[PDB]
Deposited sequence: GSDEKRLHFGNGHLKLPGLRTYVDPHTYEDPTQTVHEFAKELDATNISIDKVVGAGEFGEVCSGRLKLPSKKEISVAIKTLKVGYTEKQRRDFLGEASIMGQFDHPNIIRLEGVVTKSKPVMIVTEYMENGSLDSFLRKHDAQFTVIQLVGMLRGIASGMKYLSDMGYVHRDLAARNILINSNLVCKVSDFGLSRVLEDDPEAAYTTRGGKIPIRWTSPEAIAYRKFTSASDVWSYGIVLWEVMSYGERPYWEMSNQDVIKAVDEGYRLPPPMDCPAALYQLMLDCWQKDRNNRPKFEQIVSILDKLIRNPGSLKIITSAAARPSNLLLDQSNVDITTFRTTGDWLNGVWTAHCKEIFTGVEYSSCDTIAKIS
């Protein structure tokens, strides 16, 4: 079971900064920079890591929000959830150190490779994401921000859930009255499924937010990505059931994808645009 943080040392190892080397800047965060580097483990093994720093002159609220992410992440030890190696708090800059994911955020990765992966490769990515979400939901953690931009992908194309800190990704009931449940994460997973099969196209493109909300409420849904297998478009539609009780559970999604992996011929049945489809 996940436990809410409103203490980081309950679920995070304090790392010795002597064991951390910084290579290069790879991103910018809400709280500071993100860089790649190396961590020397107690066993002397050296691994690649990502390193997030807390900007100099941070507020106490920024420090709490920053470390709160580590307090959450550190609760989850799963191959498809980003691994917290530890934190540095006894020296400054304060740091959160995670496993390195060479191919970065999934949405930007797929946009660089439009139509270049096999369907079975894409299904492999999606099964990873579903398996990580199955574990989070098993722990009673509702992610609320599941999106392709919040999944990281490593050198072997293994995808892992990130962003333990968005109308297009949010279920109608969560939009309507903040009803967030693992079923609203399943809705979001449906959107990620579409993002993946669309090679990182933006869900609902740049439609006015009020129109995203109204259209989905009226029963309109994102259309099948080009060359999308029928099995995968149906899974999207299933994830986007209006009635949250009718959506599949993450364990069911994992099982569906495992069958598709086992019987790749299943994927050969293909469905039938920047237009929504009624239903």
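Where does the structure fail to cover the deposited sequence at the C-alpha level? Coordinates drop out over 1-20, 27-33, 193-212, 320-323, 331-373.
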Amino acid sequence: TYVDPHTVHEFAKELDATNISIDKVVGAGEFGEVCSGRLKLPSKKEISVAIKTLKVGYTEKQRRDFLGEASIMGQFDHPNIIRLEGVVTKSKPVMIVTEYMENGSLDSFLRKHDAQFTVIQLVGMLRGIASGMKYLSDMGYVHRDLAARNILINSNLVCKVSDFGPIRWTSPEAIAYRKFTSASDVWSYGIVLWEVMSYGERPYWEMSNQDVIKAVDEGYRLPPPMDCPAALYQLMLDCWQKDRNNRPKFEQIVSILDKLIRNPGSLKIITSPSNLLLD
From here on, numbers count along this sequence of modelled residues.
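Is residue 272 one of the residues left unmodelled in a third or more of the other entries compared? Residue status for residue 272: gap in at least one third of the other entries.
Given the B-factors recorded for C-alpha atoms, which segment has the greater mean, 20-28 or 254-262? Here the higher of the two C-alpha B-factor means belongs to 20-28.
According to the deposited model, is the average Cα temperature factor higher in 200-208 or in 129-137? The stretch with the larger average C-alpha B-factor is 200-208.
State the tercile, meaning the lowest, middle or highest third, of residue 220 with respect to the CA B-factors recorded for its chain. For residue 220, the deposited C-alpha B-factor lands in the middle third.
Could you say whether, by C-alpha temperature factor, residue 34 belongs to the lowest, middle or highest third of its chain? Within its chain, residue 34 is a highest-third residue by C-alpha B-factor, going by the deposited values.
Lowest, middle or highest third - CA B-factor, residue 193: Its C-alpha B-factor belongs to the lowest third of this chain's values.
Modelled-residue ranking by C-alpha temperature factor, third containing residue 247: Tercile = middle for this residue's CA B-factor.
Considering every modelled residue of the chain and its Cα B-factor in the PDB entry, is residue 41 in the lowest, middle or highest third? Lowest third, going by the recorded CA B-factors of the chain.
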